[PDB]
>>> print(open('my_file-v7.txt').read())   # compact mmCIF, C-alpha atoms
# COMPACT_ATOMS: atom_id res chain seq x y z
CA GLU A 1 -2.80 -36.74 -8.10
CA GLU A 2 -4.83 -35.23 -5.27
CA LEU A 3 -7.79 -37.36 -6.35
CA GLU A 4 -5.56 -40.43 -6.29
CA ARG A 5 -4.92 -39.78 -2.60
CA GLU A 6 -8.65 -39.42 -1.98
CA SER A 7 -9.53 -42.35 -4.25
CA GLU A 8 -7.06 -44.76 -2.65
CA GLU A 9 -8.06 -43.60 0.83
CA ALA A 10 -11.70 -44.12 -0.12
CA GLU A 11 -11.03 -47.67 -1.28
CA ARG A 12 -9.00 -48.24 1.90
CA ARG A 13 -11.90 -47.00 4.04
CA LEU A 14 -14.31 -49.22 2.11
CA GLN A 15 -12.18 -52.34 2.60
CA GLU A 16 -11.75 -51.70 6.32
CA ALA A 17 -15.50 -51.13 6.64
CA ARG A 18 -16.12 -54.38 4.76
CA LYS A 19 -13.91 -56.30 7.20
CA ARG A 20 -15.60 -54.63 10.18
CA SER A 21 -18.92 -55.54 8.57
CA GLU A 22 -17.88 -59.19 8.32
CA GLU A 23 -16.62 -59.23 11.92
CA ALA A 24 -19.91 -57.86 13.22
CA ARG A 25 -21.93 -60.08 10.88
CA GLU A 26 -20.34 -63.22 12.31
CA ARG A 27 -21.02 -62.02 15.86
CA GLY A 28 -24.63 -61.23 14.99
CA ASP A 29 -24.02 -57.64 16.09
CA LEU A 30 -26.43 -55.83 13.76
CA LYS A 31 -25.80 -52.37 15.22
CA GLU A 32 -22.07 -52.59 14.51
CA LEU A 33 -22.89 -54.12 11.14
CA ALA A 34 -25.27 -51.26 10.33
CA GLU A 35 -22.69 -48.69 11.42
CA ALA A 36 -20.07 -50.37 9.24
CA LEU A 37 -22.42 -50.23 6.24
CA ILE A 38 -22.85 -46.49 6.79
CA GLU A 39 -19.06 -46.21 6.60
CA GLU A 40 -19.04 -48.27 3.40
CA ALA A 41 -21.67 -45.96 1.92
CA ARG A 42 -19.57 -42.93 2.88
CA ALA A 43 -16.55 -44.43 1.12
CA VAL A 44 -18.63 -45.31 -1.95
CA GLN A 45 -19.98 -41.75 -2.11
CA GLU A 46 -16.38 -40.54 -2.11
CA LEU A 47 -15.49 -42.87 -5.00
CA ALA A 48 -18.50 -41.62 -6.96
CA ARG A 49 -17.51 -37.98 -6.48
CA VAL A 50 -13.95 -38.76 -7.57
CA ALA A 51 -15.36 -40.42 -10.68
CA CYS A 52 -17.54 -37.35 -11.31
CA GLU A 53 -14.52 -35.03 -11.10
CA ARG A 54 -12.45 -37.24 -13.41
CA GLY A 55 -15.30 -37.79 -15.86
CA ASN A 56 -14.46 -41.50 -15.80
CA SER A 57 -17.60 -43.48 -16.60
CA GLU A 58 -15.87 -46.76 -15.76
CA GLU A 59 -14.87 -45.62 -12.28
CA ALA A 60 -18.38 -44.19 -11.97
CA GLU A 61 -20.09 -47.46 -12.88
CA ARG A 62 -17.78 -49.29 -10.48
CA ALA A 63 -18.90 -46.92 -7.73
CA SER A 64 -22.55 -47.57 -8.62
CA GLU A 65 -21.99 -51.33 -8.50
CA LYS A 66 -20.44 -50.90 -5.07
CA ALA A 67 -23.29 -48.63 -3.96
CA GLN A 68 -25.84 -51.20 -5.10
CA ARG A 69 -24.05 -53.82 -3.01
CA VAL A 70 -24.13 -51.72 0.17
CA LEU A 71 -27.79 -50.99 -0.55
CA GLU A 72 -28.73 -54.67 -0.81
CA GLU A 73 -26.77 -55.55 2.33
CA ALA A 74 -28.37 -52.69 4.26
CA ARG A 75 -31.78 -53.86 3.03
CA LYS A 76 -31.11 -57.25 4.62
CA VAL A 77 -30.06 -55.66 7.92
CA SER A 78 -33.23 -53.57 7.98
CA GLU A 79 -35.25 -56.75 7.48
CA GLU A 80 -33.40 -58.42 10.35
CA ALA A 81 -33.74 -55.26 12.44
CA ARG A 82 -37.53 -55.25 12.04
CA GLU A 83 -37.71 -58.95 12.95
CA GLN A 84 -35.95 -58.10 16.21
CA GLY A 85 -38.01 -54.93 16.75
CA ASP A 86 -34.74 -53.00 16.90
CA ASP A 87 -35.69 -49.49 15.77
CA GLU A 88 -32.21 -48.04 16.34
CA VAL A 89 -30.51 -50.57 14.07
CA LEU A 90 -33.34 -50.11 11.57
CA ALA A 91 -32.74 -46.35 11.48
CA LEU A 92 -29.00 -46.89 11.05
CA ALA A 93 -29.64 -49.32 8.19
CA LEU A 94 -31.90 -46.76 6.51
CA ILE A 95 -29.12 -44.17 6.74
CA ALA A 96 -26.81 -46.61 4.95
CA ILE A 97 -29.51 -47.25 2.35
CA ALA A 98 -30.19 -43.54 1.79
CA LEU A 99 -26.50 -42.70 1.48
CA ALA A 100 -26.04 -45.53 -1.02
CA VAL A 101 -29.00 -44.22 -3.04
CA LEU A 102 -27.44 -40.75 -3.02
CA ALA A 103 -24.27 -42.28 -4.44
CA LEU A 104 -26.35 -43.99 -7.13
CA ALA A 105 -27.98 -40.65 -7.97
CA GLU A 106 -24.61 -38.88 -8.24
CA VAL A 107 -23.29 -41.54 -10.62
CA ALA A 108 -26.48 -41.48 -12.68
CA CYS A 109 -26.30 -37.70 -13.12
CA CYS A 110 -22.55 -37.63 -13.81
CA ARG A 111 -22.87 -40.44 -16.37
CA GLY A 112 -25.85 -38.59 -17.84
CA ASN A 113 -28.08 -41.67 -17.72
CA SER A 114 -31.59 -40.32 -17.15
CA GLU A 115 -33.14 -43.79 -16.83
CA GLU A 116 -30.52 -44.77 -14.26
CA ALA A 117 -31.23 -41.48 -12.50
CA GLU A 118 -34.97 -42.12 -12.33
CA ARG A 119 -34.41 -45.54 -10.75
CA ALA A 120 -32.32 -43.83 -8.08
CA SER A 121 -35.14 -41.34 -7.53
CA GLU A 122 -37.58 -44.22 -7.06
CA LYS A 123 -35.24 -45.80 -4.51
CA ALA A 124 -34.89 -42.43 -2.78
CA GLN A 125 -38.67 -42.08 -2.63
CA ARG A 126 -38.93 -45.58 -1.16
CA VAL A 127 -36.40 -45.11 1.64
CA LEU A 128 -37.92 -41.69 2.31
CA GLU A 129 -41.30 -43.30 2.99
CA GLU A 130 -39.72 -45.99 5.17
CA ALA A 131 -37.73 -43.44 7.16
CA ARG A 132 -40.86 -41.30 7.58
CA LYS A 133 -42.62 -44.21 9.29
CA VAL A 134 -39.68 -44.77 11.64
CA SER A 135 -39.58 -41.07 12.55
CA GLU A 136 -43.30 -41.09 13.32
CA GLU A 137 -42.96 -44.22 15.47
CA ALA A 138 -39.92 -42.87 17.31
CA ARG A 139 -41.66 -39.54 17.92
CA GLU A 140 -44.71 -41.28 19.40
CA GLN A 141 -42.51 -43.55 21.54
CA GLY A 142 -40.37 -40.65 22.76
CA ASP A 143 -37.18 -42.16 21.34
CA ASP A 144 -35.28 -38.97 20.51
CA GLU A 145 -32.14 -40.74 19.27
CA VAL A 146 -34.01 -43.00 16.83
CA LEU A 147 -36.04 -39.98 15.71
CA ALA A 148 -32.88 -38.03 14.91
CA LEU A 149 -31.41 -41.00 13.03
CA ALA A 150 -34.58 -41.37 10.97
CA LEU A 151 -34.42 -37.66 10.13
CA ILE A 152 -30.88 -38.11 8.80
CA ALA A 153 -32.09 -40.95 6.58
CA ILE A 154 -34.93 -38.71 5.40
CA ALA A 155 -32.61 -35.78 4.65
CA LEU A 156 -30.24 -38.01 2.67
CA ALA A 157 -33.20 -39.32 0.68
CA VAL A 158 -34.40 -35.79 -0.06
CA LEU A 159 -30.83 -34.95 -1.08
CA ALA A 160 -30.96 -37.82 -3.56
CA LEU A 161 -34.29 -36.59 -4.92
CA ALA A 162 -32.86 -33.08 -5.29
CA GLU A 163 -29.85 -34.56 -7.08
CA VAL A 164 -31.90 -36.38 -9.71
CA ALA A 165 -34.49 -33.62 -10.11
CA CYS A 166 -31.70 -31.18 -10.92
CA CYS A 167 -29.73 -33.25 -13.43
CA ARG A 168 -32.93 -34.46 -15.12
CA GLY A 169 -34.26 -30.90 -15.28
CA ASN A 170 -37.57 -32.05 -13.80
CA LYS A 171 -39.25 -29.09 -12.12
CA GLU A 172 -42.05 -31.16 -10.57
CA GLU A 173 -39.55 -33.34 -8.70
CA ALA A 174 -37.52 -30.27 -7.74
CA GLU A 175 -40.56 -28.67 -6.13
CA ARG A 176 -41.31 -31.85 -4.17
CA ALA A 177 -37.70 -32.11 -3.01
CA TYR A 178 -37.71 -28.44 -2.01
CA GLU A 179 -40.85 -28.81 0.11
CA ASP A 180 -39.56 -32.08 1.60
CA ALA A 181 -36.29 -30.38 2.53
CA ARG A 182 -38.02 -27.46 4.26
CA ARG A 183 -40.16 -29.82 6.32
CA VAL A 184 -37.33 -32.08 7.47
CA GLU A 185 -35.14 -29.05 8.16
CA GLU A 186 -37.74 -27.61 10.53
CA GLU A 187 -38.25 -31.00 12.21
CA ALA A 188 -34.51 -31.45 12.67
CA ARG A 189 -34.12 -27.95 14.10
CA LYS A 190 -36.85 -28.54 16.69
CA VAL A 191 -35.34 -31.89 17.68
CA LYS A 192 -31.97 -30.13 17.99
CA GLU A 193 -33.38 -27.37 20.21
CA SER A 194 -35.24 -29.84 22.43
CA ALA A 195 -32.05 -31.87 22.83
CA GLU A 196 -30.07 -28.73 23.68
CA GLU A 197 -32.75 -27.94 26.25
CA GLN A 198 -32.26 -31.33 27.92
CA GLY A 199 -28.49 -31.42 27.51
CA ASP A 200 -28.72 -34.42 25.20
CA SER A 201 -25.58 -33.64 23.21
CA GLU A 202 -25.67 -36.84 21.16
CA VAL A 203 -29.19 -36.22 19.84
CA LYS A 204 -28.22 -32.60 19.19
CA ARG A 205 -25.33 -33.70 16.98
CA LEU A 206 -27.53 -36.14 15.05
CA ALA A 207 -30.28 -33.55 14.57
CA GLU A 208 -27.67 -31.13 13.23
CA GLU A 209 -26.64 -33.63 10.56
CA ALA A 210 -30.23 -33.91 9.36
CA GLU A 211 -30.71 -30.13 9.47
CA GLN A 212 -27.61 -29.31 7.41
CA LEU A 213 -28.28 -32.13 4.96
CA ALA A 214 -31.77 -30.69 4.48
CA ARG A 215 -30.34 -27.19 3.96
CA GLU A 216 -27.97 -28.49 1.27
CA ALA A 217 -30.89 -30.21 -0.47
CA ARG A 218 -32.81 -26.93 -0.53
CA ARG A 219 -29.81 -24.96 -1.77
CA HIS A 220 -29.20 -27.55 -4.50
CA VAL A 221 -32.75 -27.26 -5.84
CA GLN A 222 -32.85 -23.47 -5.57
CA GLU A 223 -29.45 -22.93 -7.22
CA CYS A 224 -29.66 -25.77 -9.77
CA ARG A 225 -28.77 -24.69 -13.32
CA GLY A 226 -28.54 -20.97 -12.58
CA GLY A 227 -31.70 -21.15 -10.48
CA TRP A 228 -33.78 -22.61 -13.30
CA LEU A 229 -35.74 -24.99 -11.06
CA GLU A 230 -35.93 -22.55 -8.14
CA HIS A 231 -39.08 -22.25 -6.03
CA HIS A 232 -40.45 -18.72 -6.50
CA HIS A 233 -41.93 -17.21 -3.33
>>> encode(input="my_file-v7.txt", output="structure tokens")
Amino acid sequence: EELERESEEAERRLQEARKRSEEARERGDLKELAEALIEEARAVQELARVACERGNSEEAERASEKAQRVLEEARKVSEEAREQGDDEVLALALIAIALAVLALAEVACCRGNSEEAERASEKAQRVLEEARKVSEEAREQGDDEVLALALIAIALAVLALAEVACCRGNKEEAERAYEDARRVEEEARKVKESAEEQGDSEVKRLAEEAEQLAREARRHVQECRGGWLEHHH
């Protein structure tokens, strides 16, 4: 009954985000569209986690279908963002993509479909590489906000990799995720400290998202299955 409240609220959030997405889409406002797709992805992640807790494969597959939809829409926005040379919107789109992939990973693991989980890992690897390029470009251009956004997309992607690596029991993937998470964590922390130094509170907040997402990814790998896939120092 508690999950019903969360499930219905999640669907409500998704529908409102879909309407906001359509409003921005008609106005050609890609930034608002991208932000709305992030909200959709958040809602879809919530639906997936509710499905996981209920053990309902039907609700889980529904969540995956919805995640795939957000993914494809965010892919289009990223394409349009690159055509306009709009790195900020691109980074936001990649966050939506990465969060959707994480949702796909969660469903794959909960449903126990290893093939479906590997596809999610491939998508996570893809968006990771794309987000890495954006972070490099932003860092060279001195765009601290875009950099921080790209790092969030990266951390979400590494979270997705950690997710699959754990439920598939693949130690090679787990090691890669672990090392990825440490790197992005350190990058995010430095961006956070530089922002604090300049009084750039917005960048600080964004860098903190990436940092804590990265920390969760590391914890997930290290603690997965009683520490079976843990990186030994």
>>> atom_distance(input="my_file-v7.txt", atom1="atom CA of residue 100 of chain A", atom2="atom CA of residue 186 of chain A")
24.3 Å
>>> residues_around(input="my_file-v7.txt", residues="residue 11 of chain A", least_positions_apart="3", cutoff="12 Å", atoms="only C-alpha atoms", output="PDB file with C-alpha atoms, in the frame of the given file")
ATOM      1  CA  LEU A   3      -7.790 -37.360  -6.350  1.00  0.00           C
ATOM      2  CA  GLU A   4      -5.560 -40.430  -6.290  1.00  0.00           C
ATOM      3  CA  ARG A   5      -4.920 -39.780  -2.600  1.00  0.00           C
ATOM      4  CA  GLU A   6      -8.650 -39.420  -1.980  1.00  0.00           C
ATOM      5  CA  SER A   7      -9.530 -42.350  -4.250  1.00  0.00           C
ATOM      6  CA  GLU A   8      -7.060 -44.760  -2.650  1.00  0.00           C
ATOM      7  CA  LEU A  14     -14.310 -49.220   2.110  1.00  0.00           C
ATOM      8  CA  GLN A  15     -12.180 -52.340   2.600  1.00  0.00           C
ATOM      9  CA  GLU A  16     -11.750 -51.700   6.320  1.00  0.00           C
ATOM     10  CA  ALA A  17     -15.500 -51.130   6.640  1.00  0.00           C
ATOM     11  CA  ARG A  18     -16.120 -54.380   4.760  1.00  0.00           C
ATOM     12  CA  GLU A  39     -19.060 -46.210   6.600  1.00  0.00           C
ATOM     13  CA  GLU A  40     -19.040 -48.270   3.400  1.00  0.00           C
ATOM     14  CA  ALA A  41     -21.670 -45.960   1.920  1.00  0.00           C
ATOM     15  CA  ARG A  42     -19.570 -42.930   2.880  1.00  0.00           C
ATOM     16  CA  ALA A  43     -16.550 -44.430   1.120  1.00  0.00           C
ATOM     17  CA  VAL A  44     -18.630 -45.310  -1.950  1.00  0.00           C
ATOM     18  CA  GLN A  45     -19.980 -41.750  -2.110  1.00  0.00           C
ATOM     19  CA  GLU A  46     -16.380 -40.540  -2.110  1.00  0.00           C
ATOM     20  CA  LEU A  47     -15.490 -42.870  -5.000  1.00  0.00           C
ATOM     21  CA  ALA A  48     -18.500 -41.620  -6.960  1.00  0.00           C
ATOM     22  CA  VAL A  50     -13.950 -38.760  -7.570  1.00  0.00           C
ATOM     23  CA  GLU A  59     -14.870 -45.620 -12.280  1.00  0.00           C
ATOM     24  CA  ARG A  62     -17.780 -49.290 -10.480  1.00  0.00           C
ATOM     25  CA  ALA A  63     -18.900 -46.920  -7.730  1.00  0.00           C
ATOM     26  CA  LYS A  66     -20.440 -50.900  -5.070  1.00  0.00           C
TER      27      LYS A  66
END
>>> residues_around(input="my_file-v7.txt", residues="segment 178-180 of chain A", least_positions_apart="5", cutoff="8 Å", atoms="only C-alpha atoms", output="CSV table (one decimal) with C-alpha atoms, in the coordinates of the input")
chain,number,residue,atom,x,y,z
A,158,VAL,CA,-34.4,-35.8,-0.1
A,162,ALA,CA,-32.9,-33.1,-5.3
A,217,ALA,CA,-30.9,-30.2,-0.5
A,218,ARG,CA,-32.8,-26.9,-0.5
A,221,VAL,CA,-32.8,-27.3,-5.8
A,222,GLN,CA,-32.8,-23.5,-5.6
A,231,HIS,CA,-39.1,-22.2,-6.0
>>> closest_residue(input="my_file-v7.txt", among="A:163, A:145, A:88, A:1", to="residue 101 of chain A", atoms="only C-alpha atoms")
A:163
>>> atom_distance(input="my_file-v7.txt", atom1="atom CA of residue 110 of chain A", atom2="atom CA of residue 34 of chain A")
27.9 Å
>>> closest_residue(input="my_file-v7.txt", among="A:106, A:86, A:196, A:72", to="residue 49 of chain A", atoms="only C-alpha atoms")
A:106
>>> closest_residue(input="my_file-v7.txt", among="A:185, A:193, A:136, A:61", to="residue 219 of chain A", atoms="all atoms listed in the file")
A:185
>>> closest_residue(input="my_file-v7.txt", among="A:89, A:13, A:55, A:94", to="residue 71 of chain A", atoms="only C-alpha atoms")
A:94
>>> closest_residue(input="my_file-v7.txt", among="A:160, A:184, A:96, A:107", to="residue 122 of chain A", atoms="all atoms listed in the file")
A:160
>>> closest_residue(input="my_file-v7.txt", among="A:165, A:172, A:24, A:102", to="residue 67 of chain A", atoms="all atoms listed in the file")
A:102
